[PDB]
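# A structural model of the following input is requested.
(3 chains, ligands or ions: 5)
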Amino acid sequence: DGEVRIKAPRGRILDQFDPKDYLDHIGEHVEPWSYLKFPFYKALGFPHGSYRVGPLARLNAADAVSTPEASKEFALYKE
Amino acid sequence: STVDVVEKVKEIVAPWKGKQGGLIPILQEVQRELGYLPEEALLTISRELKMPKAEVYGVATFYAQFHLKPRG
Amino acid sequence: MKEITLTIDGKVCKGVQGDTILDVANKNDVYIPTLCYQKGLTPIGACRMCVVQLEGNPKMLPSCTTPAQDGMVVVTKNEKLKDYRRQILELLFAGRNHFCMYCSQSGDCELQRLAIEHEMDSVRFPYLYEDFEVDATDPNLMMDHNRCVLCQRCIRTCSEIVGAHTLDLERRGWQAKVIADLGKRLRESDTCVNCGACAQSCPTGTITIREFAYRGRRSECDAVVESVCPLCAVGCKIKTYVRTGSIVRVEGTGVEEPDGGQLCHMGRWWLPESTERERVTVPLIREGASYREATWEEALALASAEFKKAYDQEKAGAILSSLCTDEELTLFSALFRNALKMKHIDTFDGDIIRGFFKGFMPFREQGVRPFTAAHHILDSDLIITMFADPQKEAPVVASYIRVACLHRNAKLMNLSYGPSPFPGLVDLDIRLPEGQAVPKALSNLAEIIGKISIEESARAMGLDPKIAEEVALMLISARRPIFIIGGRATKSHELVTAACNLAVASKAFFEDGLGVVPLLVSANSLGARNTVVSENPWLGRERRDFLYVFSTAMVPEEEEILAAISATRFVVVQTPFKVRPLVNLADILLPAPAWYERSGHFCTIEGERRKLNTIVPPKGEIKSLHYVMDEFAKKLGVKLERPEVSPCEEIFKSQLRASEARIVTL
Ligand code: SF4
Ligand code: SF4
Ligand code: SF4
Ligand code: SF4
Ligand code: FES
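Residues are numbered from 1 along each chain as shown, chains lettered A, B, ... in the order given. Ligands and ions are numbered 1, 2, ... in the order given. Please find the structure below.
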């Protein structure tokens, strides 16, 4: 569960919103050479609003974790 | 066919391009060869003579001889 | 003679031999009932309420279309005329369905006022209860045909003043109706620009702006203030109506100028929509994904603490707004350019400004003013659109283009790699492929000054010889052409010079300058340049660790500029609103005065200054902008040295007249 949070490339939180309000914030750009689209934050357009997802982006956007031995390594990752 | 009327009225507006007038004869000849003035015909007349759609619809519906729907 | 005199209501009136009776009456003070008459539109003659009779002649003459002739006596009020006018009003009421109880214009309708002044308390006619369509398909404008007098002032405003000929009359007779394109609803019509010139021209409550219904009645206002629209460079004069600290209606003064009072969708929708926004009203702090209220000392202390720790290491910048006044720009420049010796002081539109100026300077060093007034497009014969889309940058320029191309028989040709901003008025779309087409264009116009080669100069232009050939052929057959150069062409200060050279290579001269008419995106272009705009582009190149952004959150900003602001690791915004794109990328969000709260002069590109008046006085006490500039000057170790405004210097002087010189500086 939870809310969607986008962090600027320098730490500032930009448009942390609720999952159901995604059509107001995310748009997909289509390019002719790929069956894959390019989602991007709508208020910054393409290809400036494009972001990263995944473990790195997760641990960068999240502020803390809820388990001991993963927090003990999340600190080492943050530093 | 809605694609037939496009070129068919292109060939009727051809003798009238850039002649400063003669729109009601264009509409008269599109009425003679179709029995009515469809929306496609009016749109193409407006795009060819570069006359606004409001003007061509106003003059098409001003006279009782013309008809905007297929007639019986 | 050109100086006649009449006698209206016994009162002797003066006038000129060319005017009508209604003009001579309105010229002194004299009153005549009118419903279809609009200052700025050719007299129509439809309501027949302006009827007037002379002594001796029992005929009745429409005072708005009959010329004035010295020696005639005019009678406006008697039993016969009152009876006839009351009968006309009763016909109008009995024919259509007038429900004053819930009309939006139920206190400022010309028909209702004419009915009350003639003591109408019955219609005397059988009240034809016909079903007329109410068109509310467009979210902004509503057309309720139950209230139509068929004065045609909407059909005359969208044709002669706007150009977007969207309205006309449907089937004749009593079944007359005002329709959109091909009988469609307003929302299906593609030839509409949503300018609301029709709503301003309608005397009744048929056409109505929907979101300000029941509030934008001119009869129940608190104050009327005239100022200028800050959004674009055209600078249209407005007639703001204020009611309970809110702008309820923006009307276009200037029904004598070629604009005709038609304002753009922005000028009469955003400006009244701006007064009902969220109003920061207190310094904030990000706190992480959710702002927090702070005192001025705390916010300014943290902002200056992060501003010092970045200015020592060469990394700091300021992105100011060109919709600001000359005094605010002077203060910002006094802090940043003449107190901190900063080098990164760009503006949200700095690229367009620096491009236009560095493309027009090849002509300032030879004494020619390389542009003309924007209203000459009506008097031209061939309008060439160079990398421009005026419907999104200068709508009144697009209105000039449409009027000239649809009612004054002008030809249109596009010379851009874009969407052909007028799909249906252009007859020659020349799409250029990118790369280095600037020297190609300048060599192409070199031949038009000498021979009037082409194939060699038409390869990077991506045109087969024939395409460029008849381009030149139509360019040479035009006696008074004009070029519209857009803000896209300012991606290289070379293409601006290329356009200005195509102007001289075809003898496109006017007594104020060349036929170039650049489309500037703001109104304080020269003001921003002399004060704030930088000489070299730096945004999106310098990473930047601190950033001050003053944005009057009115017009949107380019995605690239906002992406550069989002990666600056600290942004201090001084916007007056809590709009989405700035509250998303900001760390402090200090409050500032809005455009309808301060005065200024708006030094423009063509020379002498405009004037913006304060419409609604400031509500709270933000108490300064100099305050922030001192608390940044202090806490940093500099003096501000308060200057006064730099005068308008008429950057491009008209020294020598229309003596062209191709500039091989490519
Ligand atoms: S348009 Fe005027 S006369 Fe008609 S209902 Fe509205 S207020 Fe009354
Ligand atoms: S909004 Fe403007 S373009 Fe549209 S119908 Fe009204 S006046 Fe014409
Ligand atoms: S909509 Fe308004 S301006 Fe247009 S004809 Fe009807 S009453 Fe006149
Ligand atoms: S055209 Fe420009 S000056 Fe005129 S109303 Fe629109 S934004 Fe304001
Ligand atoms: S107002 Fe004089 S005729 Fe319409």
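# Run through the residues of chain A sitting next to chain C.
A:5, A:8-16, A:43-46, A:48-49, A:63 (Cβ under 8 Å from any Cβ of the partner chain). C-betas here are computed from N, CA, C, even on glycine.
# Recalculate using a threshold of 10 Å.
A:3, A:5-17, A:24-25, A:40-50, A:63 (Cβ under 10 Å from any Cβ of the partner chain).
# Buried among the residues you listed? Need that as a selection in ChimeraX.
To isolate the buried ones among the residues of chain A next to chain C in ChimeraX, judged by 16 or more other Cβ atoms under 10 Å in any protein chain shown, type:
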select /A:5,6,7,8,12,13,14,15,16,25,40,41,42,43,44,45,46,48,49
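# was I right about residue A:74 contacting residue A:55?
No - Residue A:74 sits out of contact with residue A:55 when judged by Cβ atoms under 10 Å, with a separation of 11.4 Å.
# among the residues of chain A next to chain C, which are in strands?
A:40, A:41 (DSSP state E).
# which residues of chain B fall in helices?
B:2-13, B:24-32, B:39-49, B:53-60 (DSSP state H).
# and the second one, what other elements does it pack with?
Translated: helix B:24-32. helix B:2-13, helix B:39-49, helix B:53-60 (3 or more Cβ pairs under 10 Å, 6 or more residues apart in numbering or on different chains; DSSP states H and E).
# can you give me how far the shortest one is from the chain middle?
Which is helix B:53-60. 9 Å (Cα atoms, centre = their mean, to the nearest Å).
# helices or strands up against that helix?
helix B:24-32, helix B:39-49, strand C:168-169, strand C:178-179.
# what packs against the second one?
The reference is to helix B:39-49. Helix B:39-49 sits against helix B:2-13, helix B:24-32, helix B:53-60, with contacts defined as 3+ Cβ pairs under 10 Å, 6+ apart.
# Could you dump those helices into a markdown table and include mean neighbour count?
What follows is those, written out as a markdown table (neighbours: other Cβ atoms under 10 Å in any protein chain shown):
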| stretch | mean neighbour count |
| --- | --- |
| helix B:2-13 | 14 |
| helix B:24-32 | 17 |
| helix B:53-60 | 23 |
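# For residue C:607, find the nearest of the ones you listed.
Nearest to residue C:607, of all the helices and strands packed on helix B:39-49, is helix B:53-60, at 39.5 Å by Cβ to Cβ.
# The closest one versus helix B:24-32: what angle between them?
Angle, helix B:53-60 to helix B:24-32, by axes from the mean of the first three to the mean of the last three Cα atoms, to 10 degrees: 70 degrees.
# Output helix B:53-60 as PDB, nothing but the C-alphas.
Provided in PDB are the C-alpha atoms of helix B:53-60 (Å, rounded to 0.1, in the frame of the first residue of the first chain):
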ATOM      1  CA  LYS B  53     -18.200  27.400 -43.100                       C
ATOM      2  CA  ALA B  54     -20.600  29.800 -41.400                       C
ATOM      3  CA  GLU B  55     -21.000  31.700 -44.700                       C
ATOM      4  CA  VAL B  56     -21.700  28.700 -46.900                       C
ATOM      5  CA  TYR B  57     -24.100  27.200 -44.400                       C
ATOM      6  CA  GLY B  58     -25.900  30.600 -44.100                       C
ATOM      7  CA  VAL B  59     -26.300  31.000 -47.800                       C
ATOM      8  CA  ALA B  60     -27.200  27.300 -48.300                       C
END
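# Please say which of residue A:74 and residue A:55 ends up with more neighbours.
Neighbours per residue, other Cβ atoms under 10 Å in any protein chain shown: of residue A:74 and residue A:55, the larger number sits with residue A:74, 16 against 8.
# in a helix, that's where the more buried one is, yeah?
Yes - with DSSP: H, G, I helix; E, B strand; the rest coil as the criterion, residue A:74 is assigned to a helix.
# Which residue, other than its chain neighbours, is closest to it?
For residue A:74, ignoring the flanking residues on the chain, the nearest one in space by Cβ to Cβ, 6 or more residues apart in numbering or on different chains is residue A:65 at 5.1 Å.
# The one you found and chain C, how far apart?
17 Å (Cβ to the nearest Cβ, to the nearest Å).
# which SSE is that residue in?
If you go by DSSP states H and E, residue A:65 is not part of any helix or strand.
# Count residues in the vicinity of residue C:573, would you?
Neighbour number of residue C:573 under other Cβ under 10 Å is 23.
# Dig out what it forms beta bridges with.
Beta-bridge pairing of residue C:573 under DSSP bridges involves residue C:549.
# Was I right to think it contacts residue C:562?
No - Residue C:573 lies out of contact with residue C:562 (Cβ under 10 Å); the separation is 11.5 Å.
# which residues do those two both contact?
Shared contacts of residue C:573 and residue C:562 (Cβ atoms under 10 Å, 6 or more residues apart in numbering or on different chains): C:549, C:582, C:585.
# Can you lay out those residues as a markdown table showing neighbour count?
As requested, these are exported to a markdown table (neighbours: other Cβ under 10 Å):
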| residue | neighbour count |
| --- | --- |
| C:549 | 23 |
| C:582 | 21 |
| C:585 | 23 |
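# closest to chain A among those residues?
Of all these, residue C:585 has the smallest distance to chain A: 6.0 Å, by Cβ to the nearest Cβ.
# Quick check, the closest one in contact with residue C:566.
Yes - in this structure, residue C:585 is within contact of residue C:566 by Cβ under 10 Å, at 4.6 Å.
# so what's in contact with the two at the same time?
A:8, A:12, A:14, A:43, A:44.
# residues contacting the residue nearest to residue A:74?
A:59, A:71, A:72, A:73, A:74, A:75.
# tell me the contacts of residue C:317?
C:310-311, C:336, C:342-346, C:534, C:538-539, C:542, C:544-549, C:564-565, C:568, C:571.
# Now tabulate the shared contacts of residue C:585 and residue C:566 in CSV and tack on distance to ligand 3.
Compiled in CSV, the shared contacts of residue C:585 and residue C:566 are given as follows (distance: Cβ to the nearest ligand atom, whole Å):
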residue, distance to ligand 3
A:8, 50
A:12, 51
A:14, 46
A:43, 38
A:44, 42
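# ok, the residues you listed vs ligand 1, which is closest?
residue A:43 (41.4 Å; Cβ to the nearest ligand atom).
# And the closest one, how far from ligand 2?
28 Å (Cβ to the nearest ligand atom, to the nearest Å).
# Quickly find the element holding the residue lying closest to that residue once chain neighbours are set aside.
Of all residues not flanking residue A:43 in the chain, residue C:581 sits nearest, at 5.3 Å (Cβ to Cβ, 6+ apart). Taking DSSP H and E as the criterion, residue C:581 maps to helix C:580-584.
# which residues are in contact with that helix?
Contacts of helix C:580-584 (Cβ under 10 Å, 6+ apart): A:6, A:8, A:12-16, A:24-25, A:41, A:43-44, C:278, C:280, C:284, C:286, C:291, C:549, C:551, C:553, C:556-557, C:559, C:562, C:565-566, C:571, C:573-575, C:577, C:589.
# ok now it, how far from the chain's centre?
On Cα atoms, centre = their mean, the centre of helix C:580-584 falls 26 Å from that of its chain.
# What are the buried residues along it?
Buried residues in helix C:580-584 (16+ other Cβ under 10 Å): C:581, C:582, C:583, C:584.
# Closest to residue C:595 out of those?
Within the buried residues of helix C:580-584, proximity to residue C:595 (Cβ to Cβ) peaks at residue C:582, which comes in at 15.3 Å.
# Could you check how far that closest one is from residue C:404?
39 Å (Cβ to Cβ, to the nearest Å).
# sorry, back to before: name the nearest of the contacts of residue A:65 relative to ligand 5.
Closest to ligand 5, out of all of these and judged by Cβ to the nearest ligand atom, is residue A:59, at 74.8 Å.
# isn't the closest one right up against residue A:77?
Yes - Residue A:59 is within contact range of residue A:77, at 6.0 Å (criterion: Cβ under 10 Å).
# Please identify every residue contacting each of these two.
Joint contacts of residue A:59 and residue A:77 (Cβ under 10 Å, 6+ apart) are residue A:70.
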